[PDB]
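*Asks:* Got a structure for you, structure_3.cif, holding mmCIF, C-alpha atoms.
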```
data_structure
#
loop_
_atom_site.label_atom_id
_atom_site.label_comp_id
_atom_site.auth_asym_id
_atom_site.auth_seq_id
_atom_site.Cartn_x
_atom_site.Cartn_y
_atom_site.Cartn_z
CA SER A 1 -14.37 13.28 12.67
CA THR A 2 -10.76 12.28 12.13
CA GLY A 3 -8.48 9.34 12.81
CA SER A 4 -4.72 8.96 13.14
CA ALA A 5 -2.83 5.66 13.39
CA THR A 6 0.82 4.74 13.35
CA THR A 7 2.00 2.37 10.62
CA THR A 8 5.07 0.21 11.28
CA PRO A 9 7.38 -1.70 8.91
CA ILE A 10 7.02 -5.48 9.27
CA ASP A 11 10.77 -6.08 8.94
CA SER A 12 14.14 -4.40 8.50
CA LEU A 13 13.60 -3.96 4.75
CA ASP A 14 10.22 -2.18 4.88
CA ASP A 15 8.70 -5.09 2.91
CA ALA A 16 5.28 -3.89 4.05
CA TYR A 17 3.68 -1.80 6.80
CA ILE A 18 1.11 -2.79 9.42
CA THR A 19 -1.41 -0.57 11.17
CA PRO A 20 -3.49 -1.63 14.19
CA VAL A 21 -7.25 -1.82 13.55
CA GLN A 22 -9.98 -2.40 16.13
CA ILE A 23 -12.74 -4.78 14.97
CA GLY A 24 -15.87 -5.75 16.88
CA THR A 25 -17.19 -5.37 20.41
CA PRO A 26 -15.25 -5.74 22.62
CA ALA A 27 -12.48 -4.64 20.27
CA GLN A 28 -10.27 -7.25 18.63
CA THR A 29 -7.10 -5.52 17.45
CA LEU A 30 -5.57 -6.89 14.26
CA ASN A 31 -2.54 -5.52 12.40
CA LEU A 32 -3.60 -4.87 8.82
CA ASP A 33 -1.73 -3.96 5.65
CA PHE A 34 -3.32 -0.73 4.40
CA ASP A 35 -3.45 -1.12 0.63
CA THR A 36 -4.33 1.77 -1.68
CA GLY A 37 -4.18 -0.73 -4.57
CA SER A 38 -7.13 -2.88 -3.50
CA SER A 39 -10.58 -2.46 -1.99
CA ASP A 40 -11.30 -5.39 0.34
CA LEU A 41 -10.92 -5.37 4.14
CA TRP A 42 -10.19 -9.01 4.90
CA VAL A 43 -8.84 -10.73 7.98
CA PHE A 44 -7.47 -13.97 9.27
CA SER A 45 -10.28 -15.40 11.36
CA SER A 46 -11.66 -18.26 13.41
CA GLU A 47 -12.97 -19.54 10.04
CA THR A 48 -9.54 -19.70 8.38
CA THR A 49 -8.38 -23.22 7.53
CA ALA A 50 -6.27 -24.11 10.56
CA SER A 51 -3.21 -25.31 8.63
CA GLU A 52 -3.11 -21.93 6.85
CA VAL A 53 -2.79 -19.94 10.09
CA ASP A 54 0.77 -19.59 11.43
CA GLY A 55 1.12 -16.90 14.09
CA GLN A 56 -1.43 -14.34 12.86
CA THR A 57 -3.97 -12.77 15.18
CA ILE A 58 -7.47 -13.85 14.18
CA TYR A 59 -10.85 -12.15 14.22
CA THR A 60 -13.50 -14.29 15.92
CA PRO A 61 -16.90 -12.90 14.94
CA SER A 62 -18.79 -15.10 17.44
CA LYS A 63 -17.05 -13.13 20.23
CA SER A 64 -18.21 -9.78 18.85
CA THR A 65 -21.65 -8.63 19.96
CA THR A 66 -21.86 -6.27 16.98
CA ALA A 67 -20.88 -8.83 14.30
CA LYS A 68 -23.58 -9.90 11.86
CA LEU A 69 -23.18 -12.43 9.07
CA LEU A 70 -23.83 -10.80 5.72
CA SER A 71 -26.05 -13.55 4.43
CA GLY A 72 -25.00 -15.16 1.18
CA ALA A 73 -22.00 -12.91 0.65
CA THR A 74 -18.65 -14.31 -0.41
CA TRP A 75 -15.37 -12.82 -1.58
CA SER A 76 -12.29 -13.95 -3.47
CA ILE A 77 -9.28 -11.89 -4.43
CA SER A 78 -6.04 -12.42 -6.32
CA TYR A 79 -3.23 -9.89 -6.00
CA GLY A 80 -0.56 -8.76 -8.45
CA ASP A 81 2.06 -10.89 -6.71
CA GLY A 82 0.05 -14.07 -7.27
CA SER A 83 -1.21 -14.35 -3.69
CA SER A 84 -4.90 -14.83 -2.93
CA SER A 85 -7.56 -15.29 -0.27
CA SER A 86 -11.30 -15.93 -0.05
CA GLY A 87 -14.15 -16.44 2.39
CA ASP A 88 -17.42 -15.05 3.69
CA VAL A 89 -18.47 -11.68 5.11
CA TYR A 90 -19.59 -10.07 8.35
CA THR A 91 -20.51 -6.50 9.08
CA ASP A 92 -19.04 -5.10 12.29
CA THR A 93 -17.69 -1.96 13.92
CA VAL A 94 -14.21 -1.03 12.72
CA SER A 95 -12.04 1.73 14.17
CA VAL A 96 -8.73 3.11 12.92
CA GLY A 97 -6.83 5.55 15.06
CA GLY A 98 -9.98 6.75 16.83
CA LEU A 99 -12.18 6.94 13.69
CA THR A 100 -15.11 4.53 13.87
CA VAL A 101 -17.27 3.05 11.11
CA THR A 102 -20.30 0.96 12.02
CA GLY A 103 -21.55 -1.67 9.58
CA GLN A 104 -18.19 -2.08 7.84
CA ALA A 105 -17.86 -5.20 5.69
CA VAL A 106 -15.22 -7.39 7.33
CA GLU A 107 -14.29 -10.18 4.96
CA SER A 108 -13.43 -13.31 6.92
CA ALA A 109 -10.89 -15.59 5.28
CA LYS A 110 -11.70 -19.26 4.93
CA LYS A 111 -8.64 -19.78 2.70
CA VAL A 112 -5.39 -17.86 2.22
CA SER A 113 -2.44 -18.59 -0.06
CA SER A 114 0.97 -19.65 1.22
CA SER A 115 2.54 -16.19 1.13
CA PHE A 116 -0.06 -14.95 3.62
CA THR A 117 0.33 -17.96 5.91
CA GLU A 118 4.09 -17.51 5.85
CA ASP A 119 3.90 -13.88 6.95
CA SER A 120 3.04 -14.01 10.64
CA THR A 121 3.05 -10.21 10.97
CA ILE A 122 0.13 -9.41 8.64
CA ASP A 123 -3.33 -10.24 10.01
CA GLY A 124 -5.15 -9.08 6.86
CA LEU A 125 -5.55 -6.17 4.44
CA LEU A 126 -7.48 -2.93 4.58
CA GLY A 127 -8.20 -1.77 1.05
CA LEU A 128 -8.14 1.94 0.25
CA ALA A 129 -8.57 1.95 -3.55
CA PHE A 130 -12.01 2.69 -5.02
CA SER A 131 -14.97 0.57 -3.97
CA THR A 132 -15.62 -0.44 -7.58
CA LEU A 133 -12.79 -3.01 -7.12
CA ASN A 134 -14.35 -4.64 -4.04
CA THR A 135 -14.80 -8.37 -4.67
CA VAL A 136 -17.81 -9.17 -2.45
CA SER A 137 -20.57 -11.00 -4.29
CA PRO A 138 -23.47 -10.73 -4.94
CA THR A 139 -23.57 -7.28 -3.29
CA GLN A 140 -20.35 -5.26 -3.64
CA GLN A 141 -19.24 -3.57 -0.43
CA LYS A 142 -17.64 -0.22 0.39
CA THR A 143 -14.15 0.43 1.70
CA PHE A 144 -13.51 1.78 5.17
CA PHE A 145 -12.64 5.18 3.66
CA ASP A 146 -15.77 5.26 1.51
CA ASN A 147 -17.91 4.47 4.57
CA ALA A 148 -16.15 7.07 6.74
CA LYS A 149 -15.96 9.81 4.15
CA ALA A 150 -19.15 11.75 4.81
CA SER A 151 -18.33 11.93 8.53
CA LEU A 152 -14.76 13.13 8.04
CA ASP A 153 -13.81 16.78 8.57
CA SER A 154 -12.39 16.67 5.02
CA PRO A 155 -12.82 13.77 2.57
CA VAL A 156 -9.15 12.75 2.53
CA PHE A 157 -6.63 10.36 3.96
CA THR A 158 -2.86 10.72 4.00
CA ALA A 159 0.01 8.23 3.88
CA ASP A 160 3.28 9.18 5.56
CA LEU A 161 5.38 6.03 5.37
CA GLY A 162 8.75 5.88 7.11
CA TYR A 163 12.09 4.65 5.83
CA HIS A 164 13.15 1.92 8.25
CA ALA A 165 10.91 3.69 10.79
CA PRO A 166 7.23 4.05 11.74
CA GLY A 167 4.95 6.49 9.95
CA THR A 168 1.33 7.62 9.97
CA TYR A 169 -2.03 7.17 8.25
CA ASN A 170 -4.39 10.08 8.92
CA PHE A 171 -8.07 10.24 7.99
CA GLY A 172 -10.03 13.45 7.59
CA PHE A 173 -7.27 16.06 7.93
CA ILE A 174 -3.94 17.16 6.51
CA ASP A 175 -1.21 17.50 9.15
CA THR A 176 0.60 20.63 7.99
CA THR A 177 3.52 19.86 10.31
CA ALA A 178 4.23 16.54 8.55
CA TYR A 179 5.82 17.85 5.33
CA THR A 180 8.11 20.56 4.03
CA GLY A 181 7.25 23.13 1.39
CA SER A 182 3.94 22.80 -0.43
CA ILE A 183 1.77 19.88 -1.51
CA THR A 184 1.48 19.56 -5.29
CA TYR A 185 -1.81 18.12 -6.43
CA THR A 186 -2.23 16.12 -9.61
CA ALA A 187 -5.18 14.60 -11.49
CA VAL A 188 -6.46 11.07 -10.83
CA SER A 189 -8.25 8.66 -13.14
CA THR A 190 -10.54 6.24 -11.32
CA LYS A 191 -11.30 4.30 -14.51
CA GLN A 192 -9.40 1.19 -13.37
CA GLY A 193 -10.43 1.60 -9.70
CA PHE A 194 -6.97 2.80 -8.63
CA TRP A 195 -5.39 6.05 -7.50
CA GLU A 196 -3.98 6.39 -11.02
CA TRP A 197 -2.04 9.50 -11.99
CA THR A 198 0.63 10.67 -14.46
CA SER A 199 4.11 11.57 -13.32
CA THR A 200 5.83 14.25 -15.37
CA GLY A 201 9.23 12.52 -15.57
CA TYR A 202 12.33 11.41 -13.76
CA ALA A 203 16.02 11.92 -13.02
CA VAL A 204 18.74 9.52 -11.94
CA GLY A 205 21.10 10.81 -9.27
CA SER A 206 22.35 14.29 -10.11
CA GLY A 207 21.41 13.78 -13.76
CA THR A 208 19.19 16.00 -15.84
CA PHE A 209 15.43 15.65 -15.53
CA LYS A 210 13.72 13.80 -18.37
CA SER A 211 10.26 15.18 -19.08
CA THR A 212 8.04 12.25 -19.99
CA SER A 213 4.56 11.15 -18.96
CA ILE A 214 4.49 8.04 -16.76
CA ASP A 215 0.99 6.78 -15.95
CA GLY A 216 0.90 4.71 -12.78
CA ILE A 217 -0.80 3.98 -9.48
CA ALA A 218 -0.09 5.15 -5.95
CA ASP A 219 -0.03 1.79 -4.18
CA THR A 220 0.87 1.49 -0.51
CA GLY A 221 0.38 -2.29 -0.71
CA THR A 222 3.26 -2.82 -3.18
CA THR A 223 6.80 -2.75 -1.77
CA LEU A 224 8.81 -1.61 -4.78
CA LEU A 225 8.74 1.02 -7.54
CA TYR A 226 7.77 -0.51 -10.91
CA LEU A 227 8.44 1.68 -13.95
CA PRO A 228 8.91 1.24 -17.72
CA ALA A 229 11.91 -0.80 -18.79
CA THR A 230 13.56 2.22 -20.43
CA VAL A 231 13.47 4.20 -17.16
CA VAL A 232 14.64 1.27 -15.05
CA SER A 233 17.53 0.50 -17.42
CA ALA A 234 18.64 4.14 -17.25
CA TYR A 235 18.67 3.94 -13.43
CA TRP A 236 20.61 0.68 -13.08
CA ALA A 237 23.11 1.68 -15.77
CA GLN A 238 24.44 4.13 -13.17
CA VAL A 239 25.28 1.30 -10.74
CA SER A 240 28.48 -0.61 -11.55
CA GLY A 241 27.80 -4.32 -11.78
CA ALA A 242 24.00 -4.04 -11.68
CA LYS A 243 22.15 -6.41 -13.98
CA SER A 244 18.75 -7.90 -14.58
CA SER A 245 18.74 -11.48 -13.39
CA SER A 246 16.11 -13.81 -14.82
CA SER A 247 16.87 -16.36 -12.10
CA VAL A 248 16.30 -13.84 -9.31
CA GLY A 249 13.39 -12.11 -11.07
CA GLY A 250 14.66 -8.57 -11.53
CA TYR A 251 17.56 -6.18 -11.16
CA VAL A 252 20.24 -7.01 -8.62
CA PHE A 253 23.36 -5.06 -7.75
CA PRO A 254 26.60 -5.54 -5.81
CA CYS A 255 25.88 -4.96 -2.13
CA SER A 256 29.10 -2.91 -2.00
CA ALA A 257 27.55 -0.23 -4.24
CA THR A 258 26.42 3.22 -3.23
CA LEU A 259 23.09 3.70 -5.02
CA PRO A 260 22.12 6.95 -6.73
CA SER A 261 18.89 8.71 -5.85
CA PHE A 262 15.85 8.61 -8.13
CA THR A 263 13.64 11.65 -8.70
CA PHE A 264 10.08 11.57 -10.00
CA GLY A 265 7.97 14.49 -11.16
CA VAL A 266 4.62 15.58 -9.78
CA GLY A 267 3.57 18.42 -12.03
CA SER A 268 6.40 20.94 -11.78
CA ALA A 269 7.45 19.55 -8.39
CA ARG A 270 10.03 16.84 -7.72
CA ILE A 271 10.16 14.01 -5.16
CA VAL A 272 13.64 12.62 -4.47
CA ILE A 273 14.00 8.99 -3.41
CA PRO A 274 17.39 8.62 -1.66
CA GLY A 275 19.59 5.84 -2.96
CA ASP A 276 19.42 3.90 0.30
CA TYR A 277 15.63 3.54 -0.12
CA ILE A 278 16.35 1.46 -3.26
CA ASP A 279 18.41 -1.19 -1.39
CA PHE A 280 16.44 -4.35 -0.50
CA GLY A 281 19.42 -6.27 0.79
CA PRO A 282 21.00 -9.63 -0.01
CA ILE A 283 19.07 -11.89 -2.37
CA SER A 284 19.67 -14.72 0.14
CA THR A 285 21.36 -14.70 3.54
CA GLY A 286 25.08 -14.04 3.21
CA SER A 287 24.96 -13.13 -0.49
CA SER A 288 26.83 -10.11 -1.80
CA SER A 289 24.20 -9.63 -4.51
CA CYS A 290 21.44 -7.27 -3.39
CA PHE A 291 17.88 -6.85 -4.64
CA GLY A 292 16.98 -3.57 -6.28
CA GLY A 293 14.03 -1.44 -5.24
CA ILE A 294 13.30 -0.12 -8.74
CA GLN A 295 12.08 -2.82 -11.13
CA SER A 296 10.52 -3.05 -14.56
CA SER A 297 6.75 -2.93 -14.92
CA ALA A 298 6.96 -4.66 -18.30
CA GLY A 299 4.45 -7.46 -18.23
CA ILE A 300 2.67 -6.10 -15.13
CA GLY A 301 0.65 -3.94 -17.48
CA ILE A 302 0.76 -0.92 -15.18
CA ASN A 303 3.40 1.24 -13.51
CA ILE A 304 3.29 1.11 -9.73
CA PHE A 305 4.46 3.85 -7.37
CA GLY A 306 4.83 1.50 -4.42
CA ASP A 307 6.34 2.06 -0.99
CA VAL A 308 9.84 2.85 -2.31
CA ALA A 309 8.39 5.96 -3.96
CA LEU A 310 5.63 6.84 -1.54
CA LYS A 311 7.80 6.72 1.59
CA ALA A 312 9.87 9.59 0.12
CA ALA A 313 6.76 11.80 0.26
CA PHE A 314 3.81 12.94 2.28
CA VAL A 315 0.92 11.71 0.14
CA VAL A 316 -2.67 13.02 0.12
CA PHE A 317 -5.40 10.76 -1.19
CA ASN A 318 -8.10 13.33 -1.85
CA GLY A 319 -11.51 11.71 -2.08
CA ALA A 320 -13.39 14.87 -3.08
CA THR A 321 -16.09 14.54 -5.74
CA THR A 322 -13.28 14.65 -8.29
CA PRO A 323 -10.46 12.74 -6.59
CA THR A 324 -6.86 13.99 -6.77
CA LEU A 325 -3.48 13.03 -5.33
CA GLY A 326 -1.10 15.35 -3.51
CA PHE A 327 2.64 14.89 -2.95
CA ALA A 328 4.98 16.89 -0.72
CA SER A 329 8.60 16.40 0.29
CA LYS A 330 9.19 15.76 4.00
#
```
Show how you would write the structure in this file as structure tokens.

*Replies:*
Amino acid sequence: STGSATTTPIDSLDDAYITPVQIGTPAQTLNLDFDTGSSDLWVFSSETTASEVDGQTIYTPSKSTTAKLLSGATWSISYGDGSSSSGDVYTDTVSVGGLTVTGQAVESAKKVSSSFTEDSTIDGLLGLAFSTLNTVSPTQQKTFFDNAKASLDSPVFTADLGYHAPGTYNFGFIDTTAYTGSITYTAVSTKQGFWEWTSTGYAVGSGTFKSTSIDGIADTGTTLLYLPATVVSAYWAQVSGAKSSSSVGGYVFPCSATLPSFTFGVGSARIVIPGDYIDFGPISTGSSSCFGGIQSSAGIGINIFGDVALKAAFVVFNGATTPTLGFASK
């Protein structure tokens, strides 16, 4: 089997991407944030504290003839950005882009933090990291990909995120029309539950490539590119007036600037992030200070190849017995 679904930016900045997901019978379609950095499929629901729902579409398990309470199961998750959610668990039929899994754990939120409430466009998350990170207790549950894998034509999914435009998540096949040149594959460590890999270096603009190992995660659920402070300083030093602002929480730059590109290495191959992908717009409405899309990972404890980086590539998440990651230009 295969599936193919369009993923759409939630706003004009590509702060996140949403993908429609069918849950239950008859189908209830919710727009979920596909997150290769976590492993829970959770939704706003009829059980979510009413004051914490503001515009989201909810899953109502009592209206699904295939929903079954997973007795005694609870979940609770905290994300890198300080947001969180928790609740109980149903199993139900879940379909993405024509690919159907029966008995998928659908984690129903009883509580969500303010950042989720405040984002009316995201109805929940669909985790695509390794199932070892799934938070359901006392019986850990599998991700949608893990459940689908054996049925797929090939045990892979691909992320093809757009810049200020829709893109595609495919399951079970590699669309050879979706990228240019060849896909370069690179080793993955699953030790921390992530799609963790080692970039071979970087360049800033038309500058020379610096060969250096950068361990980090391919994370569709993180907006920005988080790299070591040395790398980030070297990038922003090429932008007149750019500075790290403690009050804003990272690097900002004059909105009048033209940003240089940023290149990262994948083995001997190179992915080029155009400068415009690094512009996240005014820090507040009407400001001439703009937020940067490349930020320091210092104090995160891990480097994160988030959407800024991934949207410059066609990315293969290869879930073969030994997982790997593939990157192509597009």

*Asks:* Once the PyMOL selection byres ((chain A and resi 47) around 12) has been evaluated on this model, what residues remain selected, and can you format them as number ranges by chain?

*Replies:* A: 43-46, 48-53, 58-62, 86-90, 107-112

*Asks:* Return the single residue from A:193, A:221, A:326, A:24 that is closest to residue 64 (chain A), with distances computed using all atoms listed in the file.

*Replies:* A:24

*Asks:* What does the structure give for the distance between CA of residue 120 (chain A) and CA of residue 33 (chain A), in Å to one decimal?

*Replies:*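 A separation of 12.2 Å between them.
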
*Asks:* Around the point (-12.9, 21.3, 4.3) (coordinates from the file), which residues reach within 12 Å if we count only C-alpha atoms? Answer as a list in words.

*Replies:*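 Looking at atoms near the point gives residues 1, 149, 150, 151, 152, 153, 154, 155, 156, 172, 173, 174, 318, 319 and 320 of chain A.
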
*Asks:* Determine the nearest neighbour of residue 81 (chain A) from the options A:329, A:157, A:278, A:300, counting only C-alpha atoms.

*Replies:* A:300

*Asks:* Which one of A:205, A:271, A:303, A:117 sits closest to residue 258 (chain A) if you count all atoms listed in the file?

*Replies:*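 Of the candidates, the smallest distance to residue 258 (chain A) is held by A:205.
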
*Asks:* The PyMOL selection byres ((chain A and resi 15) around 9) on the file shown: which residues, as a PyMOL selection string?

*Replies:* chain A and resi 9-14+16-17+222-224+280+307

*Asks:* Using all atoms listed in the file for the distances, tell me which of A:165, A:106, A:77, A:188 is nearest to residue 7 (chain A).

*Replies:*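 So, comparing all the options, the nearest one is A:165.
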
*Asks:* Kindly reconstruct region 45-81 of chain A with N, CA and C atoms and present the result as a compact mmCIF listing (two decimals), in the frame of the given file.

*Replies:*
```
# COMPACT_ATOMS: atom_id res chain seq x y z
N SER A 45 -9.13 -15.27 10.48
CA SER A 45 -10.28 -15.40 11.36
C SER A 45 -10.37 -16.80 11.94
N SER A 46 -11.34 -16.96 12.83
CA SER A 46 -11.66 -18.26 13.41
C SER A 46 -12.18 -19.24 12.34
N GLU A 47 -12.51 -18.72 11.16
CA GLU A 47 -12.97 -19.54 10.04
C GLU A 47 -11.84 -19.96 9.11
N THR A 48 -10.65 -19.39 9.28
CA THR A 48 -9.54 -19.70 8.38
C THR A 48 -9.05 -21.13 8.60
N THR A 49 -8.93 -21.87 7.50
CA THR A 49 -8.38 -23.22 7.53
C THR A 49 -7.18 -23.26 8.46
N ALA A 50 -7.24 -24.14 9.46
CA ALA A 50 -6.27 -24.11 10.56
C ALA A 50 -4.82 -24.23 10.09
N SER A 51 -4.57 -25.09 9.11
CA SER A 51 -3.21 -25.31 8.63
C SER A 51 -2.64 -24.10 7.88
N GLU A 52 -3.51 -23.14 7.58
CA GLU A 52 -3.11 -21.93 6.85
C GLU A 52 -2.92 -20.74 7.78
N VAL A 53 -3.08 -20.96 9.09
CA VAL A 53 -2.79 -19.94 10.09
C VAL A 53 -1.48 -20.30 10.79
N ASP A 54 -0.53 -19.37 10.79
CA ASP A 54 0.77 -19.59 11.43
C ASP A 54 1.26 -18.31 12.12
N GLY A 55 0.68 -18.01 13.27
CA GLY A 55 1.12 -16.90 14.09
C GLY A 55 0.29 -15.63 14.00
N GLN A 56 -0.59 -15.53 13.01
CA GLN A 56 -1.43 -14.34 12.86
C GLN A 56 -2.45 -14.24 13.99
N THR A 57 -2.82 -13.02 14.33
CA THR A 57 -3.97 -12.77 15.18
C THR A 57 -5.24 -12.89 14.35
N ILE A 58 -6.23 -13.60 14.89
CA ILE A 58 -7.47 -13.85 14.18
C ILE A 58 -8.62 -13.05 14.76
N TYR A 59 -9.54 -12.68 13.87
CA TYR A 59 -10.85 -12.15 14.22
C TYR A 59 -11.81 -13.31 14.46
N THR A 60 -12.51 -13.27 15.59
CA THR A 60 -13.50 -14.29 15.92
C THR A 60 -14.86 -13.60 16.00
N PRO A 61 -15.64 -13.66 14.91
CA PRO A 61 -16.90 -12.90 14.94
C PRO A 61 -17.88 -13.35 16.02
N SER A 62 -17.85 -14.61 16.43
CA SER A 62 -18.79 -15.10 17.44
C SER A 62 -18.54 -14.43 18.80
N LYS A 63 -17.37 -13.82 18.98
CA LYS A 63 -17.05 -13.13 20.23
C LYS A 63 -17.35 -11.63 20.17
N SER A 64 -17.85 -11.17 19.03
CA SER A 64 -18.21 -9.78 18.85
C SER A 64 -19.72 -9.60 18.87
N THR A 65 -20.21 -8.80 19.81
CA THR A 65 -21.65 -8.63 19.96
C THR A 65 -22.24 -7.77 18.85
N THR A 66 -21.39 -7.11 18.07
CA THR A 66 -21.86 -6.27 16.98
C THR A 66 -21.66 -6.92 15.61
N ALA A 67 -21.07 -8.12 15.56
CA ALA A 67 -20.88 -8.83 14.30
C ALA A 67 -22.20 -9.41 13.79
N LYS A 68 -22.42 -9.30 12.50
CA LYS A 68 -23.58 -9.90 11.86
C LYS A 68 -23.13 -10.53 10.55
N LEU A 69 -23.49 -11.79 10.33
CA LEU A 69 -23.18 -12.43 9.07
C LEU A 69 -23.91 -11.69 7.97
N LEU A 70 -23.20 -11.38 6.89
CA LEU A 70 -23.83 -10.80 5.72
C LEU A 70 -24.27 -11.97 4.84
N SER A 71 -25.55 -12.30 4.94
CA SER A 71 -26.05 -13.55 4.43
C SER A 71 -25.82 -13.72 2.95
N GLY A 72 -25.20 -14.83 2.57
CA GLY A 72 -25.00 -15.16 1.18
C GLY A 72 -23.79 -14.52 0.54
N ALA A 73 -23.11 -13.64 1.25
CA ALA A 73 -22.00 -12.91 0.65
C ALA A 73 -20.70 -13.70 0.73
N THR A 74 -19.98 -13.72 -0.38
CA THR A 74 -18.65 -14.31 -0.41
C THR A 74 -17.68 -13.35 -1.09
N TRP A 75 -16.40 -13.64 -0.95
CA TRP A 75 -15.37 -12.82 -1.58
C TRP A 75 -14.20 -13.70 -1.97
N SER A 76 -13.44 -13.23 -2.95
CA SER A 76 -12.29 -13.95 -3.47
C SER A 76 -11.43 -12.97 -4.22
N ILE A 77 -10.15 -12.90 -3.87
CA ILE A 77 -9.28 -11.89 -4.43
C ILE A 77 -7.95 -12.52 -4.80
N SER A 78 -7.38 -12.03 -5.89
CA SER A 78 -6.04 -12.42 -6.32
C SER A 78 -5.25 -11.14 -6.53
N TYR A 79 -4.05 -11.09 -5.95
CA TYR A 79 -3.23 -9.89 -6.00
C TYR A 79 -2.15 -9.99 -7.07
N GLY A 80 -1.55 -8.85 -7.40
CA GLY A 80 -0.56 -8.76 -8.45
C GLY A 80 0.63 -9.68 -8.27
N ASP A 81 0.92 -10.04 -7.02
CA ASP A 81 2.06 -10.89 -6.71
C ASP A 81 1.71 -12.38 -6.73
```
